[PDB]
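Chains as they are written, first to last, in our numbering: chain A, 190 to 394; chain B, 22 to 198; chain C, 238 to 383; chain D, 28 to 75; chain E, 6 to 115; chain F, 23 to 237.
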RNA sequence: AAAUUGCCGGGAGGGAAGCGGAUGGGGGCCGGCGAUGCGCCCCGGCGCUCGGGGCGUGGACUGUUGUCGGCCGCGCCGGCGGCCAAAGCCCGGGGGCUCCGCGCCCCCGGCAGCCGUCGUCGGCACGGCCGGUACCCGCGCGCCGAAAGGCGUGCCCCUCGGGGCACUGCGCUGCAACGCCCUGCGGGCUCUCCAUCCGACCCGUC
RNA sequence: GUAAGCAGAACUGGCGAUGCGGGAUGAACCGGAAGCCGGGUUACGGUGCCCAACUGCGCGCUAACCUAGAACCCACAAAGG
RNA sequence: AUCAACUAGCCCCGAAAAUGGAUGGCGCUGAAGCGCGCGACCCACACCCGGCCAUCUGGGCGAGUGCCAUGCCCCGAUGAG
RNA sequence: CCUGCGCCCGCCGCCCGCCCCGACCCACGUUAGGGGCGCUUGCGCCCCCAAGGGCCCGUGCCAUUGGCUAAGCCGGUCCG
Ligand SMILES: [Mg+2]
Ligand SMILES: [Mg+2]
Ligand SMILES: [Mg+2]
Ligand SMILES: [Mg+2]
Ligand SMILES: [Mg+2]
Ligand SMILES: [Mg+2]
Ligand SMILES: [Mg+2]
Ligand SMILES: [Mg+2]
Ligand SMILES: [Mg+2]
Ligand SMILES: [Mg+2]
Ligand SMILES: [Mg+2]
Ligand SMILES: [Mg+2]
Ligand SMILES: [Mg+2]
Ligand SMILES: [Mg+2]
């Protein structure tokens with residue numbers, strides 16, 4: 190992993206059905222390479238090995254605390270966005286100025302808040318579940334783990350997403366109509382211009 | 022391209038002594054990754070089978086055996102002797118390959134996989150082209166079926182070359198088998 | 238200490254130094270005792286020629302003199318009717334009556350680290366490592382250290 | 028390029044007979060199998 | 006972007022600084038590593054071998070009437086398989102320059 | 023042929039032919055000439071204490087710079103740098119110093135006749151026909167700068183007056199430009215869109231990969 | 001004088017600081033920090049040196065390109081040789097298998113389209129670092145040519161191309177073309193502060 | 001000697017006296033020994049992130065509801081299922 | 001169509017300790033685990049090519065236009081403490 | 001609540017500083033399946049592999065001196 194090499198102002202990544210470790214590794218190198226990343230829908234991140242293994246792993250994590258001052262001890266986050274951020278922090282040198290700067294470039298959210306709902310959301314093929322996991326091997330959703338370890342905002346994230354997904358689908362239909370009339374325009378204009386568009390025939394698909 | 026393994030005839034005999042100006046000549050068919058390793062393994066068997074060491078011996082000829090019809094599919098049997106963690110065993114195998122070199126390469130691979138056996142621990146007794154109608158293993162027989170038909174249940178999603186690699190993509194990959 | 242002494246006699250006292258040897262029962266039994274430390278094989282015409290032109294240096298009065306020209310050979314050997322670099326090649330390749338003199342004349346070759354790498358140096362060539370006899374395959378290794 | 032009699036006859040047919048017969052005879056030698064009828068115990072397992 | 010304002014021919018390709026030539030315990034500031042936009046194989050970067058590069062930054066005070074400063078370089082050789090190049094500049098790049106952008110030009114053309 | 027030429031050059035016979043010791047065997051009869059002894063000055067004005075070593079007027083004769091194979095007259099070049107970066111121009115001929123002589127043409131691009139170093143150019147595939155254009159009036163000294171002194175520091179009085187003055191490009195050079203571009207445009211006017219092509223600049227729109235892009 | 005302290009100005013700070021290598025930003029300082037002279041010339045006065053012009057030059061430091069060497073790295077393409085080479089391809093022949101993977105498998109003999117492995121020979125394109133000539137190369141001594149470079153005679157060779165050898169002499173012998181700045185908001189600095197990456201445990205002692 | 005990072009011997013090498021690369025970390029384990037530099041290439045070891053170098057091309061085995069397992073020395077696991 | 005023993009790969013049981021906790025960490029499940037391979041690549045103060053400093057070696061310089069001769073120049077190898 | 005001599009807001013006159021260099025693009029869902037379009041509302045048709053695509057005067061010395069200007073497109077501003 191070297192880096193995307195892209196000049197985008199930011200890259201919004203829809204983390205649904207990505208693998209936490211593979212996604213975190215890709216995102217971490219991007220942050221080090223100076224890029225800014227937004228990751229949305231972290232409740233939908235997938236983890237290999239079922240819920241039971243992942244619950245056990247997380248409750249071993251709850252055991253670790255400074256015996257004489259637990260508030261100083263390891264800080265156990267419940268929200269999926271914070272689970273993602275600490276997994277990324279594990280893959281960055283975060284005790285240097287350079288790694289502090291890298292972590293600043295990362296924003297992680299549960300669900301798709303504004304303005305990121307009207308933005309195009311990219312996917313990282315190297316971490317997708319369909320390509321990285323063999324159908325029939327246990328996995329859980331990072332939202333599911335948080336629910337069972339004490340994240341009390343699962344339902345509000347669910348309420349908000351349904352209203353957004355409905356609001357996005359009517360927009361799907363509105364563009365669906367606009368796409369069709371534009372298509373008929375394509376023909377109607379492309380017959381108005383005859384040989385004058387001949388140079389495009391062998392390079393079109 | 023190259024085959025990792027090659028089949029060799031190796032010919033050799035003891036040194037002519039003040040008696041026996043015509044010592045007896047031996048041959049084997051050996052598998053190795055080059056001539057040098059082929060000659061070395063010849064002198065292994067001929068020390069421990071026919072009691073002639075490389076020192077008191079002489080090398081006569083070494084030739085590479087090639088497949089006659091590489092473009093066709095042959096079934097194969099391999100009789101092999103190997104060493105486990107607690108002894109020695111005899112094992113028989115069936116393979117399908119266009120060349121017998123290809124058949125041997127699979128055999129070493131499945132021994133290192135299914136049994137953790139390394140190449141310095143395997144001796145190939147006998148090799149053969151078992152014609153179909155006499156193949157024993159069930160894996161090899163299910164391919165002896167004209168009207169063979171099956172889907173590709175596993176299919177790699179990857180660009181033609183790394184030139185077209187990206188990190189991000191607009192849409193999810195579209196797969197159907 | 239015994240391995241150390243033999244490599245001094247073979248004029249190999251630095252890694253990736255190369256020299257030319259005559260086959261002998263006396264010689265082969267010296268390589269058997271230092272084999273983990275050396276790779277060796279049978280050189281051919283191209284390997285013997287390119288080594289001597291490109292990386293050949295003479296031992297004139299205990300000093301390492303590059304064989305940039307033929308007069309160095311004439312003054313180096315001369316007495317043994319070796320006059321040119323091309324007869325110096327011939328003297329080495331077809332082991333001749335003065336192979337002793339024309340091979341001691343050549344200073345030990347100083348070779349590159351092999352372009353493309355080695356396999357495991359710790360094993361014999363037969364095992365898949367690099368030590369020992371690799372008879373004609375030494376020529377492939379010459380191309381990559383020359 | 029201009030189809031001069033390239034690689035014209037190096038030798039005659041009868042030599043081409045014995046030449047190709049000889050190498051082919053050396054071919055059966057190379058790929059010849061041992062019978063394996065030395066091993067009474069393993070004769071069935073070996074298939075011979 | 007319709008009716009934009011800005012410099013309005015692009016004769017260069019964007020590149021980003023990744024750090025210096027490294028081992029896991031040593032660092033060599035004389036050669037920096039540069040990711041070039043759109044190259045994705047070790048054979049694709051033979052095209053850029055030798056091309057000049059410019060790290061353009063802004064200093065705090067004006068000199069010759071501008072705050073802009075530029076240090077020039079060239080692409081030397083590929084680094085790895087995926088299309089990263091070793092870059093050499095007149096001066097070693099700033100350690101804070103990593104994660105920033107460089108301009109890869111076509112000037113010493115072939 | 024690099025080595026084949028090299029073998030030919032060092033041939034004992036052929037270097038005799040090359041140097042021309044025949045035809046020097048001619049003048050001075052059945053012999054090869056002698057020489058004499060210069061430096062009979064007998065008039066040192068000074069005597070340096072350093073062990074003197076005089077001025078070099080080198081006899082070494084560096085080979086002329088090579089022209090890239092695809093830079094053939096009439097081909098359209100893209101300028102990669104300078105104030106005309108991106109401009110598409112016409113290649114006329116190589117000059118004596120090796121610099122390429124190019125024209126906008128100035129009617130179309132605004133690029134006059136000028137030298138461009140071959141390094142800063144990418145040759146395109148398209149071809150103009152210029153083998154009825156006359157270019158011998160141009161040579162390297164045409165562009166010879168004849169630069170003046172350092173005394174005219176551009177100062178507040180001088181900043182815009184230089185712009186508001188005109189003592190610059192002289193009358194014959196602007197008359198020259200009209201001669202060539204008038205001839206050039208005829209063959210340019212033959213090719214459709216070739217006039218538009220030169221008036222535009224080359225640009226890297228997003229996703230254009232030079233190592234892929236054929237020109 | 002130092003330790004240590006106050007005031008003024010400047011700089012930096014998330015549980016040490018200091019340190020070694022890099023460089024970037026600020027400072028502060030550096031005019032031997034960086035040149036304007038030398039050769040032909042025409043006078044007009046004191047062959048030699050100053051006063052005007054005419055004349056070609058010529059200056060720290062640094063920029064780009066070219067061309068020659070040296071070492072290196074990468075990519076492409078072509079020829080030859082060995083093997084029974086086999087093979088696919090085109091033709092011909094040879095064995096059993098019993099409704100079967102069945103238009104089955106294996107085998108051999110001719111030949112004239114492509115394609116392993118091992119060795120070798122050749123050409124070409126790109127790129128990196130160093131160097132710039134007192135000899136090695138190279139130049140003048142003849143002509144042509146802007147310059148590459150070419151131009152002569154005789155013997156040997158195939159016999160196209162053209163090829164190879166020939167007698168050899170005198171001297172000479174630090175590669176170039178353009179730039180930028182020139183008391184400046186310029187150039188650099190081994191000095192000071194700070195930032196960042198990498199490295200980095202406190203010395204003496206047994 | 002039940003053994004011990006225990007006590008005593010034989011041959012060789014190392015540390016001590018020695019930096020450097022790797023084994024996360026370590027006096028003696030692996031590579032390798034050194035003037036101050038430029039360029040090239042390697043050894044041991046590696047190429048998901050930390051961390052320079054492929055989420056490279058192949059074939060199998062493993063599914064752990066015990067912290068599956070994952071580095072010569074080396075930081076154990078046995079009889080038995 | 002099937003039965004019985006045996007055999008050996010990975011997995012599981014056998015498998016208990018005191019601050020909170022360690023395949024180095026995060027993590028990984030057509031692996032980023034295990035075994036065997038194939039292409040490249042990355043990485044030492046080691047090897048190669050070059051400059052420079054020092055050591056050591058071997059040379060050249062008088063009927064001297066000749067020199068800190070305790071000097072300059074040339075050649076080769078070398079450099080830990 | 002918001003400093004009676006203190007502050008705030010709006011317009012143009014710009015001048016610096018800052019980022020950038022086309023810094024253009026909203027479906028959900030699954031992948032042993034899905035997508036667009038018609039009519040039995042399920043059937044047909046066509047498409048399924050990568051944004052490897054579309055869009056955009058995309059073309060003027062960050063952009064020459066003046067006039068004119070459809071239809072179309074982009075910005076600021078007014079209102080809803
Ligand atoms: Mg990396
Ligand atoms: Mg390499
Ligand atoms: Mg290795
Ligand atoms: Mg060892
Ligand atoms: Mg004091
Ligand atoms: Mg203060
Ligand atoms: Mg510091
Ligand atoms: Mg500084
Ligand atoms: Mg060169
Ligand atoms: Mg046949
Ligand atoms: Mg002591
Ligand atoms: Mg180096
Ligand atoms: Mg000495
Ligand atoms: Mg040394």
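Ideal Cβ placement from N, Cα and C applies to all residues, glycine included.
For residue 35 of chain B, list the residues DSSP reports as bridge partners.
In the second chain, counting from the first residue as 1, residue 35 of chain B sits at position 14. Note: residue 35 of chain B sits in a beta bridge opposite B:78.
What's the call for residue 31 of chain D, buried or exposed, on a 16-neighbour Cβ count within 10 Å?
If you number the fourth chain from 1, residue 31 of chain D lands on position 4. Answer is exposed; the Cβ neighbour count stays below 16.
Kindly identify the DSSP beta-bridge partner or partners of residue 125 of chain F.
Residue numbering aside, residue 125 of chain F sits at position 103 when the sixth chain is read from its first letter. According to DSSP, residue 125 of chain F bridges with F:112.
Taking only three categories from DSSP, how would you classify residue 57 of chain D?
For this step, residue 57 of chain D is matched to residue 30 along the fourth chain. Residue 57 of chain D falls in the helix class under three-state DSSP.
Could you name each continuous alpha helix (DSSP H) segment of 4 residues or more that falls completely within the stretch 191-237 of chain A, going from the start of the chain to the end?
209-221
By DSSP, does residue 114 of chain B sit in helix, in strand, or in coil?
Residue mapping note: residue 114 of chain B aligns to position 93 of the second chain, counting from 1. The answer is strand: DSSP assigns residue 114 of chain B an E or B state.
Quick one, which residues of the stretch 194-228 of chain A are near chain E if we go by CB-CB under 8 Å, in chain order?
194, 195, 196, 221, 222 and 223
Using a C-beta cutoff of 8 Å, does residue 182 of chain B count as contacting chain E?
For the purposes of this step, residue 182 of chain B is taken as residue 161 along the second chain, with counting starting at 1. Taking Cβ atoms only, chain E reaches closer than 8 Å to residue 182 of chain B, which makes this a yes.
Mind checking residue 274 of chain A: buried by the 16 CB within 10 Å criterion, or exposed?
Here the question's residue 274 of chain A lines up with position 85 in the first chain. So residue 274 of chain A counts as buried.
In terms of residue numbering, what span does the alpha helix (DSSP H) encompassing residue 92 of chain B cover?
The residue labelled residue 92 of chain B in the question sits at position 71 within the second chain. Neither: residue 92 of chain B is in no alpha helix (DSSP H) and is coded neither H nor E.
Would you kindly report the start and end of the unbroken alpha helix (DSSP H) that includes residue 374 of chain C?
Counting from one through the third chain, the residue named residue 374 of chain C turns up at place 137. Unbroken run through residue 374 of chain C: none, as it is neither H nor E.
Rounded straight-line distance, which links the Cα of residue 309 of chain C to that of residue 375 of chain C:
On the third chain, position 138 is the one that residue 375 of chain C refers to. On the third chain, position 72 is the one that residue 309 of chain C refers to. If you take the alpha carbons of residue 375 of chain C and residue 309 of chain C, they lie about 29 Å apart.
Measuring only between beta-carbons, confirm whether residue 359 of chain A sits less than 8 Å from chain B.
Position 170 of the first chain, counted from the first residue, corresponds to residue 359 of chain A. It does not: the Cβ of residue 359 of chain A has no partner Cβ on chain B nearer than 8 Å.
Taking a cut of 9 Å between CB atoms, which residues from the stretch 98-113 of chain B lie near chain D?
98, 100, 111 and 113
From the DSSP output, in three-state form, read off residue 169 of chain B for me.
Mapped onto the second chain, residue 169 of chain B falls at position 148. Note: residue 169 of chain B maps to coil in three-state DSSP.
The alpha helix (DSSP H) spanning residue 134 of chain B covers which residue range?
For the purposes of this step, residue 134 of chain B is taken as residue 113 along the second chain, with counting starting at 1. Its alpha helix (DSSP H) spans residues 121-135.
So is residue 261 of chain A buried or exposed if we call it buried at 16+ other beta carbons inside 10 Å?
For this step, residue 261 of chain A is matched to residue 72 along the first chain. Residue 261 of chain A should be labelled exposed.
Can you give me the C-alpha to C-alpha distance between residue 289 of chain A and residue 276 of chain A, rounded to a whole angstrom?
Here residue 289 of chain A corresponds to residue number 100 of the first chain, with the count starting at 1. Here residue 276 of chain A corresponds to residue number 87 of the first chain, with the count starting at 1. If you take the alpha carbons of residue 289 of chain A and residue 276 of chain A, they lie about 15 Å apart.
Which same chain residues end up closer than 6 Å to residue 21 of chain E when comparing Cβ atoms and leaving out the 5 residues on each side of it in sequence?
For the purposes of this step, residue 21 of chain E is taken as residue 16 along the fifth chain, with counting starting at 1. So the qualifying residues of the chain are 40 and 106.
Output needed for residue 217 of chain A: all residues of its chain with C-beta closer than 6 Å, excluding positions within five of it in sequence on either side, in chain order.
The residue you call residue 217 of chain A lines up with position 28 of the first chain. Closer than 6 Å at Cβ, skipping near neighbours: 277, 280 and 281.
Chain-ordered chain D contacts of residue 30 of chain B [CB-CB under 7 Å]
By one-based count along the second chain, residue 30 of chain B stands at place 9. Under the 7 Å cutoff, chain D gives 57.
Report whether the distance from the Cβ of residue 191 of chain A to the nearest heavy atom of ligand 1 is below 7 Å.
Locating residue 191 of chain A in the first chain gives position 2, where the first residue counts as 1. Indeed, a heavy atom of ligand 1 lies less than 7 Å from the Cβ.
Anything in the stretch 141-167 of chain F with a Cβ closer than 8 Å to a Cβ of chain E? List those residues in chain order, please.
141, 142, 143 and 144
Kindly identify the DSSP beta-bridge partner or partners of residue 84 of chain B.
Translated into the one-based positions of the second chain, residue 84 of chain B becomes position 63. BP columns for residue 84 of chain B point to B:30.
Give me the residue from A:377, A:394 and A:315 with the minimum Cα distance to residue 210 of chain A.
To locate residue 210 of chain A, count along the first chain from 1; it is residue 21. Residue 210 of chain A has its Cα closest to that of A:315, out of A:377, A:394 and A:315.
For residue 151 of chain F, which residues of its own chain have a beta-carbon under 6 Å away from its beta-carbon, when the five flanking residues on both sides are left out?
Translated into positions along the sixth chain, residue 151 of chain F becomes position 129. Here the set comprises 96 and 209.
What residues from chain E crowd round residue 107 of chain F, counting only those whose CB sits closer than 8 Å?
As a first step, residue 107 of chain F is located in the sixth chain; it is residue number 85 there, counting from the start. What residue 107 of chain F touches in chain E: 14 and 16.
Using the Cα positions of residue 244 of chain A and residue 235 of chain A, report the straight-line distance between them to the nearest angstrom.
By one-based count along the first chain, residue 244 of chain A stands at place 55. By one-based count along the first chain, residue 235 of chain A stands at place 46. Residue 244 of chain A and residue 235 of chain A: Cα-Cα distance of roughly 13 Å.
Check residue 93 of chain F in the structure and name its three-state DSSP category.
Indexing the sixth chain from 1 puts residue 93 of chain F at position 71. Correct three-state label for residue 93 of chain F: coil.
Element boundaries [beta strand (DSSP E), containing residue 40 of chain E]
Your numbering for residue 40 of chain E matches position 35 in the fifth chain. Run containing residue 40 of chain E: 32-41, per the beta strand (DSSP E) assignment.
Verify the CB distance criterion: does residue 196 of chain B have a CB-CB separation below 8 Å to chain A?
Against the second chain, residue 196 of chain B aligns to sequence position 175. Answer yes: the Cβ-Cβ gap between residue 196 of chain B and chain A drops below 8 Å somewhere.
On the criterion of 16 or more Cβ atoms from any shown chain inside 10 Å, does residue 203 of chain A qualify as buried, or is it exposed?
As a working note, residue 203 of chain A is residue 14 in the first chain. The residue in question, residue 203 of chain A, is buried, as its Cβ has 16 or more Cβ neighbours within 10 Å.
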